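Each chain, letter by letter, is given below.
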Number of protein chains: 2
Amino acid sequence: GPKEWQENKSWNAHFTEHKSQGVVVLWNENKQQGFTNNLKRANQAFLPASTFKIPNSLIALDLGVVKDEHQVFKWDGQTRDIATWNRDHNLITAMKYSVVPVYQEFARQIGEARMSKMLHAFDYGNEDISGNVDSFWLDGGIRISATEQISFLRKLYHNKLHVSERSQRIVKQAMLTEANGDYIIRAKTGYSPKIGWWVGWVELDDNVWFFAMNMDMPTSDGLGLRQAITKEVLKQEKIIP
Amino acid sequence: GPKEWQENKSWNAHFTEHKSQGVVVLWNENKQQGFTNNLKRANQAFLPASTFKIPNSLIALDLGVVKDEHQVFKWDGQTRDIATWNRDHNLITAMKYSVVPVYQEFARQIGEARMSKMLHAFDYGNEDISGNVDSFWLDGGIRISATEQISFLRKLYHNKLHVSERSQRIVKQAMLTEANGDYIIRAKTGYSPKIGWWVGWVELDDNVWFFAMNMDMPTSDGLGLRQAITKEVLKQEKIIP
Ligand SMILES: *C(=O)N1C[C@H](NOS(=O)(=O)O)CC[C@H]1C(N)=O
Ligand SMILES: *C(=O)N1C[C@H](NOS(=O)(=O)O)CC[C@H]1C(N)=O
Ligand SMILES: [Cl-]
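### Observations regarding the overall build of chain A
Step number 1: A count of helices and strands for chain A gives ten helices and nine strands.
Step number 2: Against the 2.2 N^0.38 benchmark of 18 Å for 241 residues, chain A shows a C-alpha radius of gyration of 17 Å, consistent with a compact globule.
Step number 3: Judged by the C-alpha coordinates and their principal axes, chain A covers about 50 × 40 × 35 Å.
Step number 4: Once local pairs closer than 6 in sequence are excluded, the contacts in chain A between residues at least 24 apart make up 60%.
Step number 5: Put simply, chain A shows about 10,600 Å² of open surface, and 46% of that area lies on carbon and sulfur atoms.
Step number 6: In chain A, 29 positive and 28 negative side-chain charges are present, and the distance between their average locations comes to 1 Å.

What follows is the structure in C-alpha cells.
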C-alpha cells in the first residue's frame, strides 16, 4: 500500500544553501499524505514561541477576554525594542506584528486553570503549561512537534477544535498572510532561542497543503529564512509558482 | 465646514489615460468621509451584474441553501464559453471565477419570495427582483449605485446586515482578492452590457477604505481596467504603494 508519510531529503539543499538545518513538513489534504525532509525532527517537540498566539487567540476569543477582532488593546506606554509594538493594536495587528505584551495580557486574564484545560481540550502538544502563565510558550514547559502543529492546524481548518466556530473563523482571518490569484497563505511565525518556526497552510482552488517548519535559529538575523526556505520547498513541489 | 462627500476630478486623468469614462468612489472609514471624481455618476444606479454574487452568497448561506464554503456544487455538464465554469465549484471558487450558473442555482433554491424579502432587509439598491429570480441581476430590473454599494459593503464589514454573523464572515472570506504586508483587498468584479464594476474595500493596519467603481465597457476588451484604474486612484491617494 501507499505510504502516509514519505521522506524527501532533496529539500535539505534549501537548508544547506543558507548554512542552516531544520525540517519542513507538508500535508496534502486531498491525498491524505505527508512529506518531510527529516522524519525524526518532524516529530521532535520544541517550544512553540509565537506560534502559540494561534491557540492563545482562540482561547481568549472563546472566553470573551477578546470580544472581537476590532477590540483595541491600548499600548501600555512602555517603549519596547520592536517599534511596531509601541502602539495600540487589535487582534489582527497583534497577530501581524506578533505583539507579545498584548498576548501576555490575554494569558493573564485566561489564567492557569482555564489555559491548561483548553490546551488539554485542544490536544495541543504536550498540554503542559508549567512555568509562567504569561510566558510558558517562550520559556516554560510546553512543547509541540511540527507534525503536532499540522494536526492542530487541520482541526482549526475544519472547525474541529473545542471552541466555537466563530472563534476559529476569526483566528483564521487573523492568520491571513498572503493572497493572490494563485494561492492564499494563512500562517504564523515564531522564534525562541535556538528555533524558528513557520506553521500554517496554503489554500489552492482544489486542495490545501498544510505546512510546519522549524529550523535552528542562532540569530534573529535570517528570520526571513523561515518563509524563504519553506517557499523554496513549496516551489519545488509545484504548490506555488 | 467639511462635507460628507468631496469631488476630486483629478482622478479623471486615470480614465482619460485609458480613453474611458467612469466613476471611482472611496469612503475613508476612520474619517467618515467620501471622495469621488463624479458625484452624479456615483449616485447613478446600474445593473449589479456579478457584484450581486455578494448578497446572493449571503442569502444562500443564511437560508442553508449553501451549507458552508466547502460544499461542492457539481458542474451540470453543459459546456459554456468560460472554461473555468465547466467544472465543480464551491462558494470560494464560484466567487473567484464568477460562476454565474452556480449562482443561478442558488437563486432558484432561495426562490423569489425569500430573495425579495432579503434584499428589502438589506436595503439593497432598488430592491426590484422583477424578471426571473435567476437572472434579474443580469437582465432584469434591479439597479444599484456606487454609493449604494458602499453603504451595503459598510454594513457587511460591520456585520450589520440582517443575516447571521457567520454568513457575513464567510462571504467576506470568499471576497478575499489580494493580501500582503501592506494591505488586504476584499472585492468583487462585475460586467453587464456596457458597464464594468469593481466594489469592495482595502484593509490597512489602522483604517479601511471602501471603494466602488464603474466604467463604460463597450467591448469585453479592457475588463482589466476596472482594477487598474481603481488602483491608480488608490496609489495617488497613498492608500496602497
Ligand atoms: C514569538 O515567537 N516572538 C514574538 C516576536 N515574533 O517575531 S516572529 O513572529 O517574526 O518570530 C519576536 C520573536 C519572538 C519573541 N522574541 O518573543
Ligand atoms: C459578472 O458580472 N459576470 C460573470 C463573469 N465575471 O466576469 S468579471 O467578474 O470578471 O466581471 C463574466 C462577466 C459577467 C457575465 N457575463 O455574466
Ligand atoms: Cl480571510
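### With respect to the site of ligand 1
Residues and elements named next belong to chain A.
Step number 1: The immediate surroundings of ligand 1 are formed by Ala49, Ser50, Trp85, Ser98, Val100, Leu138, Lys188, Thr189, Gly190, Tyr191 and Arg226.
Step number 2: Within the side chain of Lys188, an N or O atom sits 3.2 Å from an oxygen atom of ligand 1.
Step number 3: One nitrogen or oxygen atom from the side chain of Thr189 is found 2.6 Å from an oxygen atom belonging to ligand 1.
Step number 4: Within the complex, 76% of the 380 Å² of free accessible area of ligand 1 lies under protein.
Step number 5: Here the shell around ligand 1 gets four residues from one element, more than from any other, and that element is strand β7 (residues 184–192).

### Structural notes on the interface of chain A and chain B
One widely used convention gives an interface's size as the accessible area the parts lose upon coming together.
Step number 1: Each partner contributes to the interface: chain A provides 21 residues, whereas chain B provides 20 residues.
Step number 2: Seen at the junction of chain A and chain B, the total is six salt bridges.
Step number 3: Close ionic contact of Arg169(B) with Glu69(A) constitutes a salt bridge, the shortest N to O distance being 2.9 Å.
Step number 4: Our count for the chain A to chain B interface comes out at eleven residue pairs in polar contact.
Step number 5: Of all the secondary structure elements, the ones that give two or more residues to the side of chain A that touches chain B are α4 (91–96), α9 (165–174), β6 (176–179) and β7 of chain A.
Step number 6: At five residues, the largest contribution of residues to the side of chain A that touches chain B is made by α9(A).
Step number 7: Residue composition of the side of chain A that touches chain B, grouped by class: six nonpolar, six polar and nine charged.

### Examining the pairing of strand β3 (residues 33–36) of chain A
Residue and element names in this part refer to chain A.
Step number 1: The two faces of β3 match: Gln33 and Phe35 on one face and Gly34 and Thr36 on the other face are all buried.
Step number 2: Pairing between strand β1 (residues 5–7) and β3: three bridges, direction parallel. Residue pairing across strands places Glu7 opposite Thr36, the latter belonging to β3.
Step number 3: Following strand β2 (residues 22–28), the chain reverses through four residues before pairing antiparallel with β3; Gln32 in that reversal takes a positive phi of roughly 60°.

### A word on the relation of the copies chain A and chain B
Step number 1: Rotating chain A by 180° and translating it 0.1 Å along the rotation axis places it on chain B, where the RMSD comes to 0.3 Å. Here the transformation between the copies is reduced to the relation of a two-fold axis. Across chain A, the smallest distance between a C-alpha and the rotation axis is recorded for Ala179(A), namely 2.2 Å.

### Some points on the UniProt feature "active site" (unreviewed entry) in chain A
Residue and element names in this part refer to chain A.
Step number 1: What UniProt calls "active site" (unreviewed entry) maps, in this numbering, to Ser50.
Step number 2: Among the secondary structure elements, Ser50 is positioned in the loop between β4 (45–46) and α3 (53–62).
Step number 3: With relative accessibility at 10%, the residue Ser50 sits in the buried group.
Step number 4: Non-local contacts of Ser50, meaning those with residues more than four positions away in its chain, are made with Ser98, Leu138, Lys188, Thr189, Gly190 and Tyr191.

### With respect to helix α9 (residues 165–174) of chain B
Step number 1: Burial analysis of α9(B) places seven of its ten residues in the buried class, which makes it a mostly covered element.
Step number 2: Here α9(B) has its buried residues at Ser167(B), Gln168(B), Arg169(B), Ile170(B), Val171(B), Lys172(B) and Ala174(B).

### Points about the packing of aromatic side chains
Residue and element names in this part refer to chain A.
Step number 1: Counted according to the given criterion, the structure contains 30 aromatic pairs over all chains.
Step number 2: Their ring planes at 85° and their centres at 5.5 Å tell us that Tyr157 and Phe210 sit as a pair that is edge-to-face. On the criterion of sequence distance, the pair formed by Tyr157 in helix α8 (residues 146–157) and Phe210 in strand β9 (residues 208–217) is long-range, its members being 53 residues apart.
Step number 3: The class of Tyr157 is buried, set by a relative accessible area of 15%.
Step number 4: Assessed through its relative accessible area of 0%, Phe210 is described here as buried.

### As for the site of ligand 2
Residues and elements named next belong to chain B.
Step number 1: Taken together, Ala49, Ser50, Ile82, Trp85, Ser98, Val100, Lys188, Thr189, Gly190, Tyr191 and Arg226 form the complete shell of residues around ligand 2.
Step number 2: With respect to ligand 2, the side chain of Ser50 contributes an N or O atom lying 2.2 Å from an oxygen atom.
Step number 3: In this structure, an oxygen atom belonging to ligand 2 sits 3.3 Å away from a side-chain N or O atom of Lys188.
Step number 4: Calculation on ligand 2 without its partners gives an accessible area of 390 Å², and the protein chains cover 75% of this total.
Step number 5: Considering each element in turn, the shell around ligand 2 owes the most residues, four residues, to strand β7 (residues 184–192).
Step number 6: Grouping the constituent residues of the shell around ligand 2 by class yields five nonpolar, four polar and two charged.

### Quick word on the nonpolar core
Step number 1: Counting 56 residues, the largest nonpolar core has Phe106(B), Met115(B), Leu119(B), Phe122(B) and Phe136(B) as its most contacted members.
Step number 2: Sequence-distant contacts of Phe136(B), that is, excluding residues within four places in its chain, are made with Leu47(B), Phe52(B), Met115(B), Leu119(B), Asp128(B), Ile129(B), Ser130(B), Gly141(B) and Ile142(B).
Step number 3: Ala94(A), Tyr103(A), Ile129(A) and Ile195(A) belong to the second largest nonpolar core, which has 53 residues in total.

Calculation notes
- Residues numbered from 1 in each chain as written, not as in the entry; some residues may be left out.
- Chains lettered and ligands numbered in written order.
- Heavy atoms only, no water.
- Helix = DSSP H or I, 4+ residues; strand = E, 2+ residues; numbered from the N terminus.
- Rg over C-alpha atoms; globule rule 2.2 N^0.38 Å.
- Contact = heavy atoms within 4.5 Å.
- Areas by Shrake-Rupley, 256 points an atom, 1.4 Å probe, with all protein chains shown as cover.
- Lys, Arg positive; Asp, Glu negative; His and termini not counted.
- Charge placed at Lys NZ, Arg CZ, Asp CG, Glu CD.
- Near = heavy atom within 4 Å.
- Polar contact = N/O pair within 3.5 Å; in protein donor to acceptor, adjacent residues only side chain to side chain.
- Salt bridge = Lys/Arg side-chain N within 4 Å of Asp/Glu carboxyl O.
- Nonpolar A, V, L, I, M, F, W, Y, C, P; charged D, E, K, R; others polar.
- Buried < 20%, exposed > 50% of the residue type's maximum accessible area, 1.4 Å probe, protein only.
- Pairing = 2+ DSSP bridges.
- Least-squares fit on C-alpha atoms.
- UniProt positions renumbered as here; feature names shortened; annotations may be inferred.
- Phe/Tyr/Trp six-rings, centres within 6.5 Å; stacked < 30°, edge-to-face > 60°.
- Core = buried A, V, L, I, M, F, W, Y, C linked by side-chain atoms within 4.5 Å.

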